[PDB]
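Counting with the working numbering, you get residues 278 to 352 for the letters of the sequence shown.
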Amino acid sequence: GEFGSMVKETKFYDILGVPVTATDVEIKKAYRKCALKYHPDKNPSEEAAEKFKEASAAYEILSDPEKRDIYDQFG
């Protein structure tokens, strides 16, 4: 139900499968693999779809170094 740690660090990196110190390329490929591997159009699982959605959000911030730093520091 409830989750601890208000500060969210590394979760998006972990979800994509990239290090905290990840670069844009690592981020892109992680997105590519996460989306391709668990996309809902081939992977019917809800969780797979969840992974896709999380991957896309991770991508939207992480694929942007500025956003990435913003995420990294603000947590």
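A virtual CB, placed ideally from N, CA and C, is assigned to each residue, including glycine.
Taking C-alpha atoms, which residue in the options lies nearest to residue i?
i, options, result
"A312", "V297, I292, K285, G352", "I292"
"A332", "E343, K305, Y348", "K305"
"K344", "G281, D301, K310", "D301"
"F351", "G278, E279, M283", "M283"
"residue 392", "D346, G278, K330", "The shown model of the chain, from 278 to 352, leaves out residue 392, and the question about it has no answer."
Taking the C-alpha atoms as reference points, what is the distance between residue i and residue j?
i, j, result
"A334", "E303", "15 Å"
"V297", "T287", "6 Å"
"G294", "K314", "12 Å"
Mind reading off the beta-carbon distance from residue i to residue j? Whole number of angstroms is fine, and I expect it under 8 Å.
i, j, result
"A325", "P317", "7 Å"
"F280", "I338", "Not a contact, Cβ separation roughly 19 Å."
Below 6 Å CB to CB, which residues in the same chain sit around residue i once its five sequence neighbours on both sides are set aside?
i, result
"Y348", "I338"
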